[PDB]
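What follows is one chain in structure tokens, specifically the form deposited without 1-methyl-L-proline (3BY).
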């Protein structure tokens, strides 16, 4: 059986056949044509708010480092020394003058420029052996990167995005806290969990307090109190109106939080005293922002959350949640760290458990596609479709 044959006979209303979540062949194809080629959420730029700052991430097999120059820009490169391929930047995050390879001290400037290589003598050009760039975009506070040499368009997404995102002044955030977890499920199944709300009824006693459960919010023609809600925000000059890429990849909507909620706290109250950005009115709700395959976010009036989805193996996905708060918000005065993060640390573990159980269930050669609820999983069907369509595009000539 071919992938082509499996993709052919895929009907729209169903979960995928086994090999999409279990086989290393699909994994390889997903790496190849989706993670290595599309735009990926990396890091907010508040991690690199000093020159020389750097951060590193692995994408599939690639070792990337994103760093800030003296010249002010954020460039990103392949973390493999051009001499014999050593990592340059080990530590997760940090600060240097130059990029100095710890094997043989070949030193690069912070724009790649190889400016010293030792006893490489007469035949040696250094113009050939600079660090390999990785295309990189700054999206009003979020660094996305792209490992293809010929990236897709970012700018159309960048342009729908800016207005909903400017009001957060994400450039003026600081990381309060960062959580990595690794879920023992396929990266696709992470997305399926997230693009529904449905299980949430009996799987998240915390979030629910604060986050909607009505499938309109995180589901896929606009209800009546919603335009009203979009309206109060836009009258206010906070963009709120639902918008959804025509390819299905990315989406914008500032959604009302569960009756009364102001933030993702136990008490529905602000998490930080010093709000981030200029969101307005107070109760504008939560900005949802997804972007297949790499991120979803919840941008509140008090603080911001990124999530970064990264695949590790056919049945493992690294999910990185980051808390963003104003740079002058003090821990202990302005916010309390526990209180700032208990809701979602709880919610992410509940999902993980859920994803992990699903994964296991799926590994049964007895598993066959069953049907999505059109009432609760229409947003899941939407992911799967963007997914299949992306694999077909990448696979023709």
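Numbering follows the first chain given and starts at 1. Between two forms, the rigid core is defined as the largest C-alpha subset superposing within 1.5 Å.
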query = So which moves more in 5 other deposited structures of this protein by CA, 23-31 or 65-73, given a superposition on the core?
reply = 65-73
query = Is it true that residue 319 has no coordinates in a third or more of the other entries in the comparison?
reply = no
query = Can you tell me whether residue 213 lacks a model in a third or more of the other compared entries?
reply = yes
inquiry  = Does the chain run continuously from residue 220 to residue 221, or are deposited residues unmodelled in between? Answer none, 1 to 3, 4 to 9, or 10 or more.
reply    = 4 to 9
task = Could you settle it for me: does 320-328 or 109-117 have the higher average Cα B factor in the PDB entry?
result = 109-117
task = Pick between 30-38 and 44-52: the one whose mean CA B-factor in the entry is higher.
result = 44-52
note = Per the deposited entry, the peak Cα B-factor within the set 96, 176, 272, 190 goes to 272
key: Top Cα B factor in the deposited entry, candidates 381, 16, 389, 11   = 11
query = Comparing residue 168 with the other modelled residues of its chain, is its CA B-factor in the lowest, middle or highest third?
reply = middle
request  = Could you look up the Cα B-factor of residue 78 in the entry and say which third of the chain it sits in: lowest, middle or highest?
outcome  = lowest
ask   = Where does residue 249 sit by CA temperature factor within its chain: lowest, middle or highest third?
value = middle
note = Sorting the chain's modelled residues by C-alpha B-factor and splitting them into thirds places residue 155 in the highest
note = residue 59: CA temperature factor from the record, placed by chain third, in the lowest
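Separately, the form deposited with 1-methyl-L-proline (3BY) bound exists; it is not shown, and the next lines address it.
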ask   = With 1-methyl-L-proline (3BY) left out of view, which of 178, 194, 294, 249 would have a heavy atom within 4.5 Å of it in the deposited bound form?
value = 194
remark   = In this chain shown alone, the residue from 344, 27, 41, 335 with a heavy atom within 4.5 Å of 1-methyl-L-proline (3BY) in the deposited bound form is 344
query = Can you check whether residue 325 is within 4.5 Å of 1-methyl-L-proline (3BY) in the deposited bound form, heavy atom basis?
reply = no
message = Check residue 137 for me: does it contact 1-methyl-L-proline (3BY) in the deposited bound form (non-hydrogen atoms, 4.5 angstroms)?
response = no
query = Closest heavy atom of residue 218 to 1-methyl-L-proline (3BY) in the deposited bound form, within 4.5 Å or not?
reply = yes
ask   = Should residue 188 be classed as touching 1-methyl-L-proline (3BY) in the deposited bound form when contacts are defined as heavy atoms within 4.5 Å?
value = no
inquiry  = Using a 4.5 Å heavy atom cut-off, which of 296-304, 146-154, 163-171, 273-281 contacts 1-methyl-L-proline (3BY) in the deposited bound form?
reply    = 296-304
note = Within 207-236, the residues having any heavy atom within 4.5 Å of 1-methyl-L-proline (3BY) in the deposited bound form are 207, 211, 218
